[PDB]
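J.: Structure: target_15.pdb, PDB, C-alpha atoms.
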ATOM      1  CA  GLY A   1      44.062   9.665 -12.970  1.00  0.00           C
ATOM      2  CA  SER A   2      47.731   9.590 -13.919  1.00  0.00           C
ATOM      3  CA  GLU A   3      47.423   8.764 -17.629  1.00  0.00           C
ATOM      4  CA  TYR A   4      48.326  11.313 -20.286  1.00  0.00           C
ATOM      5  CA  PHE A   5      47.556  11.019 -23.982  1.00  0.00           C
ATOM      6  CA  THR A   6      48.550  12.981 -27.058  1.00  0.00           C
ATOM      7  CA  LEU A   7      46.471  13.866 -30.099  1.00  0.00           C
ATOM      8  CA  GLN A   8      47.991  15.273 -33.283  1.00  0.00           C
ATOM      9  CA  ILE A   9      45.683  18.030 -34.561  1.00  0.00           C
ATOM     10  CA  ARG A  10      46.035  19.289 -38.119  1.00  0.00           C
ATOM     11  CA  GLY A  11      46.186  23.070 -38.293  1.00  0.00           C
ATOM     12  CA  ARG A  12      46.588  25.903 -35.814  1.00  0.00           C
ATOM     13  CA  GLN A  13      42.961  26.997 -35.815  1.00  0.00           C
ATOM     14  CA  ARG A  14      41.654  23.524 -35.055  1.00  0.00           C
ATOM     15  CA  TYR A  15      44.374  23.011 -32.469  1.00  0.00           C
ATOM     16  CA  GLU A  16      43.399  26.169 -30.597  1.00  0.00           C
ATOM     17  CA  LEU A  17      39.740  25.128 -30.624  1.00  0.00           C
ATOM     18  CA  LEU A  18      40.494  21.733 -29.135  1.00  0.00           C
ATOM     19  CA  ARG A  19      43.117  23.163 -26.794  1.00  0.00           C
ATOM     20  CA  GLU A  20      40.541  25.546 -25.347  1.00  0.00           C
ATOM     21  CA  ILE A  21      38.043  22.755 -24.774  1.00  0.00           C
ATOM     22  CA  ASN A  22      40.704  20.514 -23.277  1.00  0.00           C
ATOM     23  CA  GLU A  23      41.892  23.169 -20.851  1.00  0.00           C
ATOM     24  CA  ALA A  24      38.342  24.051 -19.903  1.00  0.00           C
ATOM     25  CA  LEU A  25      37.406  20.448 -19.204  1.00  0.00           C
ATOM     26  CA  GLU A  26      40.589  20.024 -17.168  1.00  0.00           C
ATOM     27  CA  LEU A  27      39.829  23.126 -15.136  1.00  0.00           C
ATOM     28  CA  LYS A  28      36.263  22.032 -14.537  1.00  0.00           C
ATOM     29  CA  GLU A  29      37.426  18.624 -13.356  1.00  0.00           C
ATOM     30  CA  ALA A  30      39.889  20.257 -10.959  1.00  0.00           C
ATOM     31  CA  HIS A  31      37.079  22.530  -9.601  1.00  0.00           C
ATOM     32  CA  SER A  32      34.694  19.587  -9.038  1.00  0.00           C
TER      33      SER A  32
ATOM     34  CA  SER B   2      54.968  20.682 -39.357  1.00  0.00           C
ATOM     35  CA  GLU B   3      51.193  20.785 -40.005  1.00  0.00           C
ATOM     36  CA  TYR B   4      50.158  18.948 -36.833  1.00  0.00           C
ATOM     37  CA  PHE B   5      50.148  20.273 -33.290  1.00  0.00           C
ATOM     38  CA  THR B   6      50.297  18.124 -30.208  1.00  0.00           C
ATOM     39  CA  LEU B   7      47.467  18.306 -27.700  1.00  0.00           C
ATOM     40  CA  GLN B   8      48.314  16.771 -24.311  1.00  0.00           C
ATOM     41  CA  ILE B   9      45.226  15.304 -22.662  1.00  0.00           C
ATOM     42  CA  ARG B  10      44.709  13.986 -19.150  1.00  0.00           C
ATOM     43  CA  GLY B  11      42.587  10.867 -19.028  1.00  0.00           C
ATOM     44  CA  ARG B  12      41.496   8.281 -21.549  1.00  0.00           C
ATOM     45  CA  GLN B  13      37.854   9.395 -21.631  1.00  0.00           C
ATOM     46  CA  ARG B  14      38.792  12.951 -22.489  1.00  0.00           C
ATOM     47  CA  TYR B  15      41.283  11.659 -25.046  1.00  0.00           C
ATOM     48  CA  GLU B  16      38.581   9.607 -26.748  1.00  0.00           C
ATOM     49  CA  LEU B  17      36.185  12.567 -26.687  1.00  0.00           C
ATOM     50  CA  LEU B  18      38.665  14.974 -28.219  1.00  0.00           C
ATOM     51  CA  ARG B  19      39.777  12.369 -30.734  1.00  0.00           C
ATOM     52  CA  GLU B  20      36.154  11.919 -31.826  1.00  0.00           C
ATOM     53  CA  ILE B  21      35.662  15.674 -32.128  1.00  0.00           C
ATOM     54  CA  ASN B  22      38.930  16.017 -34.032  1.00  0.00           C
ATOM     55  CA  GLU B  23      37.872  13.298 -36.471  1.00  0.00           C
ATOM     56  CA  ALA B  24      34.536  15.019 -36.974  1.00  0.00           C
ATOM     57  CA  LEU B  25      36.231  18.365 -37.588  1.00  0.00           C
ATOM     58  CA  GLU B  26      38.558  16.747 -40.114  1.00  0.00           C
ATOM     59  CA  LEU B  27      35.596  15.234 -41.930  1.00  0.00           C
ATOM     60  CA  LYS B  28      33.836  18.584 -42.003  1.00  0.00           C
ATOM     61  CA  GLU B  29      36.950  20.207 -43.452  1.00  0.00           C
ATOM     62  CA  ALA B  30      37.228  17.445 -46.040  1.00  0.00           C
ATOM     63  CA  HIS B  31      33.658  18.117 -47.159  1.00  0.00           C
ATOM     64  CA  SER B  32      33.889  21.893 -47.164  1.00  0.00           C
ATOM     65  CA  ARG B  33      33.083  23.551 -50.470  1.00  0.00           C
TER      66      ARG B  33
ATOM     67  CA  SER C   2      11.914  14.909 -28.764  1.00  0.00           C
ATOM     68  CA  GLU C   3      15.404  14.587 -30.114  1.00  0.00           C
ATOM     69  CA  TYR C   4      16.175  18.315 -30.326  1.00  0.00           C
ATOM     70  CA  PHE C   5      17.382  20.418 -27.432  1.00  0.00           C
ATOM     71  CA  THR C   6      18.125  24.106 -27.263  1.00  0.00           C
ATOM     72  CA  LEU C   7      21.648  24.857 -26.079  1.00  0.00           C
ATOM     73  CA  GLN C   8      21.855  28.299 -24.506  1.00  0.00           C
ATOM     74  CA  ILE C   9      25.274  29.885 -25.054  1.00  0.00           C
ATOM     75  CA  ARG C  10      26.767  33.136 -23.789  1.00  0.00           C
ATOM     76  CA  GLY C  11      28.683  34.988 -26.482  1.00  0.00           C
ATOM     77  CA  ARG C  12      29.341  34.841 -30.218  1.00  0.00           C
ATOM     78  CA  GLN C  13      32.772  33.212 -29.972  1.00  0.00           C
ATOM     79  CA  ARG C  14      31.528  30.252 -27.962  1.00  0.00           C
ATOM     80  CA  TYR C  15      28.452  30.011 -30.179  1.00  0.00           C
ATOM     81  CA  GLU C  16      30.658  29.677 -33.269  1.00  0.00           C
ATOM     82  CA  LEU C  17      32.868  27.082 -31.573  1.00  0.00           C
ATOM     83  CA  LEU C  18      29.925  24.957 -30.496  1.00  0.00           C
ATOM     84  CA  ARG C  19      28.126  25.408 -33.798  1.00  0.00           C
ATOM     85  CA  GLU C  20      31.178  24.113 -35.658  1.00  0.00           C
ATOM     86  CA  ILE C  21      31.482  21.100 -33.378  1.00  0.00           C
ATOM     87  CA  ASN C  22      27.773  20.382 -33.599  1.00  0.00           C
ATOM     88  CA  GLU C  23      27.830  20.507 -37.406  1.00  0.00           C
ATOM     89  CA  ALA C  24      30.887  18.295 -37.502  1.00  0.00           C
ATOM     90  CA  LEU C  25      29.339  15.741 -35.141  1.00  0.00           C
ATOM     91  CA  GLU C  26      26.170  15.675 -37.267  1.00  0.00           C
ATOM     92  CA  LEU C  27      28.255  15.050 -40.388  1.00  0.00           C
ATOM     93  CA  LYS C  28      30.218  12.280 -38.696  1.00  0.00           C
ATOM     94  CA  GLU C  29      26.931  10.683 -37.666  1.00  0.00           C
ATOM     95  CA  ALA C  30      25.655  10.779 -41.232  1.00  0.00           C
ATOM     96  CA  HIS C  31      28.762   8.942 -42.425  1.00  0.00           C
ATOM     97  CA  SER C  32      29.003   6.405 -39.574  1.00  0.00           C
TER      98      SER C  32
ATOM     99  CA  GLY D   1      23.363  41.576 -19.449  1.00  0.00           C
ATOM    100  CA  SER D   2      24.649  38.539 -21.252  1.00  0.00           C
ATOM    101  CA  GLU D   3      23.953  38.103 -24.946  1.00  0.00           C
ATOM    102  CA  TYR D   4      22.660  34.583 -25.498  1.00  0.00           C
ATOM    103  CA  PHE D   5      22.921  32.520 -28.623  1.00  0.00           C
ATOM    104  CA  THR D   6      21.082  29.249 -29.147  1.00  0.00           C
ATOM    105  CA  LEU D   7      21.831  26.096 -31.048  1.00  0.00           C
ATOM    106  CA  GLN D   8      19.437  23.234 -31.762  1.00  0.00           C
ATOM    107  CA  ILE D   9      21.258  20.018 -30.868  1.00  0.00           C
ATOM    108  CA  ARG D  10      20.009  16.642 -32.020  1.00  0.00           C
ATOM    109  CA  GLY D  11      20.190  13.918 -29.411  1.00  0.00           C
ATOM    110  CA  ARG D  12      20.211  14.164 -25.622  1.00  0.00           C
ATOM    111  CA  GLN D  13      23.646  12.632 -25.230  1.00  0.00           C
ATOM    112  CA  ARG D  14      25.100  15.084 -27.740  1.00  0.00           C
ATOM    113  CA  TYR D  15      23.219  17.938 -26.072  1.00  0.00           C
ATOM    114  CA  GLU D  16      24.499  17.041 -22.604  1.00  0.00           C
ATOM    115  CA  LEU D  17      28.036  16.755 -23.950  1.00  0.00           C
ATOM    116  CA  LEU D  18      27.942  20.123 -25.659  1.00  0.00           C
ATOM    117  CA  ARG D  19      26.282  21.613 -22.594  1.00  0.00           C
ATOM    118  CA  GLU D  20      29.121  20.250 -20.480  1.00  0.00           C
ATOM    119  CA  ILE D  21      31.696  21.764 -22.833  1.00  0.00           C
ATOM    120  CA  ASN D  22      29.792  25.043 -22.831  1.00  0.00           C
ATOM    121  CA  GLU D  23      29.710  25.104 -19.026  1.00  0.00           C
ATOM    122  CA  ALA D  24      33.410  24.284 -18.809  1.00  0.00           C
ATOM    123  CA  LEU D  25      34.244  27.111 -21.219  1.00  0.00           C
ATOM    124  CA  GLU D  26      32.096  29.455 -19.104  1.00  0.00           C
ATOM    125  CA  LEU D  27      33.966  28.360 -16.004  1.00  0.00           C
ATOM    126  CA  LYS D  28      37.327  28.904 -17.682  1.00  0.00           C
ATOM    127  CA  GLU D  29      36.325  32.397 -18.772  1.00  0.00           C
ATOM    128  CA  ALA D  30      35.000  33.262 -15.296  1.00  0.00           C
ATOM    129  CA  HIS D  31      38.295  32.091 -13.733  1.00  0.00           C
ATOM    130  CA  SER D  32      40.134  34.271 -16.246  1.00  0.00           C
TER     131      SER D  32
END
When written as structure tokens, how does the structure in this file appear?

T.:
Amino acid sequence: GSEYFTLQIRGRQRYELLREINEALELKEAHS
Amino acid sequence: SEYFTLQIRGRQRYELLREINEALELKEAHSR
Amino acid sequence: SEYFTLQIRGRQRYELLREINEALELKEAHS
Amino acid sequence: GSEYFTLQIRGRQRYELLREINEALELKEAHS
């Protein structure tokens, strides 16, 4: 789809955790 | 600036990551 | 029947998923 | 060989979600 959303994540460590999951899910969707 | 912006493609993934973020925040709030 | 064993490769991913799992369990308890 | 770690996850929907995230992270790592 063409819809983008933003989430404000408190703290660098939590951001990197969620960023990694987000990127991984995006990559998996692209590869499916 | 204590919050970092996560850009997410798709509403389902947004809702998932929002739910996880909320759970992580609650876990932090309850940490000893 | 409600428990499943998640098989994970590597300590880093284990710690990430363990943290999320614990946080989801806590959110459930407070829902 | 790989070093496996295990987590006990309560609930099939939660298990399948965390399994999906786990698999996506594995894919992202494999893709470098």

J.: Using all atoms listed in the file, what does the table of chain A residues within 12 Å of chain C look like, with each row giving the shortest atom pair and its distance in Å to one decimal, sorted by chain and ascending number, as CSV?

T.:
residue,atom,partner,partner_atom,distance
A:13,CA,C:17,CA,10.9
A:14,CA,C:17,CA,10.1
A:16,CA,C:17,CA,10.6
A:17,CA,C:17,CA,7.2
A:18,CA,C:17,CA,9.6
A:19,CA,C:17,CA,12.0
A:20,CA,C:17,CA,10.0
A:21,CA,C:17,CA,9.6

J.: Write out the residues from the selection above, keeping C-alpha atoms, as a PDB file, in the frame of the given file.

T.:
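Full text of selection_38.pdb as output:
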ATOM      1  CA  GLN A  13      42.961  26.997 -35.815  1.00  0.00           C
ATOM      2  CA  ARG A  14      41.654  23.524 -35.055  1.00  0.00           C
ATOM      3  CA  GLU A  16      43.399  26.169 -30.597  1.00  0.00           C
ATOM      4  CA  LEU A  17      39.740  25.128 -30.624  1.00  0.00           C
ATOM      5  CA  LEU A  18      40.494  21.733 -29.135  1.00  0.00           C
ATOM      6  CA  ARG A  19      43.117  23.163 -26.794  1.00  0.00           C
ATOM      7  CA  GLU A  20      40.541  25.546 -25.347  1.00  0.00           C
ATOM      8  CA  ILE A  21      38.043  22.755 -24.774  1.00  0.00           C
TER       9      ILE A  21
END

J.: Apply the PyMOL selection byres ((chain B) within 9 of (chain C)) to the file shown and report the selected residues as a tab-separated table (two decimals) with C-alpha atoms, keeping the file's coordinate frame.

T.:
chain	number	residue	atom	x	y	z
B	20	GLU	CA	36.15	11.92	-31.83
B	21	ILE	CA	35.66	15.67	-32.13
B	23	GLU	CA	37.87	13.30	-36.47
B	24	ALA	CA	34.54	15.02	-36.97
B	25	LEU	CA	36.23	18.36	-37.59
B	26	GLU	CA	38.56	16.75	-40.11
B	27	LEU	CA	35.60	15.23	-41.93
B	28	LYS	CA	33.84	18.58	-42.00
B	29	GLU	CA	36.95	20.21	-43.45

J.: Which residues of chain A are close to chain B, meaning at most 9 Å apart when you count only C-alpha atoms, and how do they look as a list in words?

T.: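 Selected residues: residues 1, 2, 3, 4, 5, 6, 7, 8, 9, 10, 11, 12, 14, 15, 18, 19, 21, 22, 23, 25 and 26 of chain A.
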
J.: Next, dump the selected residues to file, keeping only C-alpha atoms, as a PDB file, keeping the file's coordinate frame.

T.:
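After the write, selection-v8.pdb holds the following:
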ATOM      1  CA  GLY A   1      44.062   9.665 -12.970  1.00  0.00           C
ATOM      2  CA  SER A   2      47.731   9.590 -13.919  1.00  0.00           C
ATOM      3  CA  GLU A   3      47.423   8.764 -17.629  1.00  0.00           C
ATOM      4  CA  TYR A   4      48.326  11.313 -20.286  1.00  0.00           C
ATOM      5  CA  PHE A   5      47.556  11.019 -23.982  1.00  0.00           C
ATOM      6  CA  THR A   6      48.550  12.981 -27.058  1.00  0.00           C
ATOM      7  CA  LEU A   7      46.471  13.866 -30.099  1.00  0.00           C
ATOM      8  CA  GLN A   8      47.991  15.273 -33.283  1.00  0.00           C
ATOM      9  CA  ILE A   9      45.683  18.030 -34.561  1.00  0.00           C
ATOM     10  CA  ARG A  10      46.035  19.289 -38.119  1.00  0.00           C
ATOM     11  CA  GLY A  11      46.186  23.070 -38.293  1.00  0.00           C
ATOM     12  CA  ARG A  12      46.588  25.903 -35.814  1.00  0.00           C
ATOM     13  CA  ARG A  14      41.654  23.524 -35.055  1.00  0.00           C
ATOM     14  CA  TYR A  15      44.374  23.011 -32.469  1.00  0.00           C
ATOM     15  CA  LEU A  18      40.494  21.733 -29.135  1.00  0.00           C
ATOM     16  CA  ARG A  19      43.117  23.163 -26.794  1.00  0.00           C
ATOM     17  CA  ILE A  21      38.043  22.755 -24.774  1.00  0.00           C
ATOM     18  CA  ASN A  22      40.704  20.514 -23.277  1.00  0.00           C
ATOM     19  CA  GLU A  23      41.892  23.169 -20.851  1.00  0.00           C
ATOM     20  CA  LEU A  25      37.406  20.448 -19.204  1.00  0.00           C
ATOM     21  CA  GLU A  26      40.589  20.024 -17.168  1.00  0.00           C
TER      22      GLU A  26
END

J.: Taking all listed atoms of region 7-17 of chain D, build the axis-aligned box, pad each of the six sides by 4 Å, then write its centre and edge lengths in Å to one decimal as AutoDock Vina command-line options.

T.:
--center_x 23.7 --center_y 19.4 --center_z -27.3 --size_x 16.6 --size_y 21.5 --size_z 17.4

J.: Mind running a least-squares superposition of chain A onto chain D over all the C-alpha atoms, in order, and reading off the RMSD?

T.: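 Between chain D and chain A, the C-alpha RMSD is 1.3 Å.
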
J.: Could you check how far CA of residue 27 (chain A) sits from CA of residue 5 (chain C), in Å to one decimal?

T.: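 We find that CA of residue 27 (chain A) and CA of residue 5 (chain C) lie 25.7 Å from each other.
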
J.: Which distance in Å separates CA of residue 32 (chain A) and CA of residue 11 (chain C), to one decimal?

T.: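 The value is 24.0 Å.
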
J.: CA of residue 24 (chain D) to CA of residue 28 (chain A): how many Å, to one decimal?

T.: 5.6 Å
